[PDB]
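Single chain ahead, written as structure tokens, the form deposited in one PDB entry.
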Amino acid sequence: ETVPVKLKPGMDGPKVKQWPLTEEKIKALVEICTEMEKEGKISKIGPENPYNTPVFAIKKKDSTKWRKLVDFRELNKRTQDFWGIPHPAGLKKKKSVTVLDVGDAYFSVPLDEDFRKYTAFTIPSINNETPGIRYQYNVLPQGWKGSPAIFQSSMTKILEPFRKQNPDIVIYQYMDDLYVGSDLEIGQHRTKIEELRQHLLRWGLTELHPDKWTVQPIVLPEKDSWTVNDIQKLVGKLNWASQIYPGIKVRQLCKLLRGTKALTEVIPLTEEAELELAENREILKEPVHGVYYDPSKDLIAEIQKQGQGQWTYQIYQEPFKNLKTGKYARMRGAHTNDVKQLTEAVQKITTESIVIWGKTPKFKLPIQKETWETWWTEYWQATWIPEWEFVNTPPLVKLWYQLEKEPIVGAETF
């Protein structure tokens, strides 16, 4: 049967316009949508339905098969609340997690007849030579929030058996995904994962390492000799840095900067200054105190382009009170593409956000709206889509985080 879903008090349905798509993408959407139309999942709709939601095709991670994706963001946000599952704190402490797409299970369930209109989407035609192909959902839509929600009973139900068989493992369900975390070694882990998929397949469905991340303090440069400049750069960095650890002091250094000297001129370090330095190195050896995640506050993730394919991010909720800071280096293949690295990055942080807190952070993106919108879809891979804003990177913020500690040699993969 269908549960009577509604909209939040005084909200209306999305009327978001469809961005243009590449031909290949439109072709697939057409193939894909006719099929679902036939399977009774979606139906063509009339003009009396003025709502709309963006749609697009993404490459199912491996195969040539294109996956249909919809941007329900606006709908999700307008959909009444169900006052999901409480985040299992244990997930983050697992050696290797795996993500699975259980969005498929939704088609099996009917969407309340009255809510369907609000799910209207559209397939655009090149050079606008054909009117758009208007549809809507009859079943639970993938990517909608109400979906993993209504399908909870059936979900828990189908899962239990594997949970009792292997209670050492943890299963988290976010939107269309399923994260599986166990402490079993790779082979035994993935075999068990497959043992799960098999289990999930007899209904109709279908490599993280959480214990290895989130740290890295700020290391300060060390030099044989210091110059007027070296110091100046260093003082500006620490001075900005004081907004986080007020115990950091730069007065003694600033004395060494008394004088109109050549930037390249070497300065001898007074013991007094040298102490001030060491004392700051100690303060930086560990993250700031009193930072506790607040579930009633929006989680935030700001990214900065460090160049050469490198990037830095800070997930926090209050300015300077970071819950996590990290670094991302481009993936093999993205060498001459900024949006690839960026899209890939956004995904990773958003996955870690889920893994650790069970939600998606909002992104402050060091990119231009037009560049993002034009090409992000091309490199996307997740069932979900986080929120974002485009911002101008304050030069210091970047300089600071560029200072994060990197491995001695690295994570040795013999």
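The term rigid core refers to the most C-alpha atoms you can superpose between the two forms while keeping them within 1.5 Å. The first residue of the sequence shown is number 1, and the count goes up from there.
Modelling of residue 37 is complete across the other compared entries in which both of its neighbours are modelled; not even a third of them leave it out.
Residue 167, modelled here, also has coordinates in every other compared entry of this protein that models residues flanking it, well short of the third needed to call it frequently missing. Count the deposited residues lacking coordinates between residue 83 and residue 84 and you get 4 to 9 of them.
A chain break between residue 252 and residue 253 is not present, all residues of the deposited sequence in that interval being modelled. On average the C-alpha atoms of 287-295 have higher B-factors than those of the other stretch, with 287-295 and 321-329 being the two compared.
Stretches 222-230 and 272-280 differ in mean C-alpha B factor, with the higher average recorded for 222-230. Remark: of 201, 111, 301, 155, 201 shows the highest value [criterion: C-alpha B-factor in the PDB entry].
Between the residues 133, 100, 75, 120, it is 100 that shows the highest Cα B-factor in the PDB record. Among the modelled residues of its chain, residue 341 has a C-alpha B-factor that falls in the lowest third, as given in the PDB entry. Residue 162: CA B factor lies in the highest third for its chain, per the PDB record. For residue 145, the recorded CA temperature factor ranks within the middle third of the chain's modelled residues. Sort the chain's modelled residues by C-alpha temperature factor and residue 94 lands in the highest third, per the entry. Sort the modelled residues of the chain by CA B factor and residue 71 lands in the lowest third.
What follows is about the form deposited in another entry, which we do not show.
In the core-superposed comparison between the shown form and the other one, the C-alpha atom of residue 282 has shifted by at least 2 angstroms.
Superposition on the rigid core between the shown form and the other one places the CA atom of residue 322 less than 2 Å from its counterpart.
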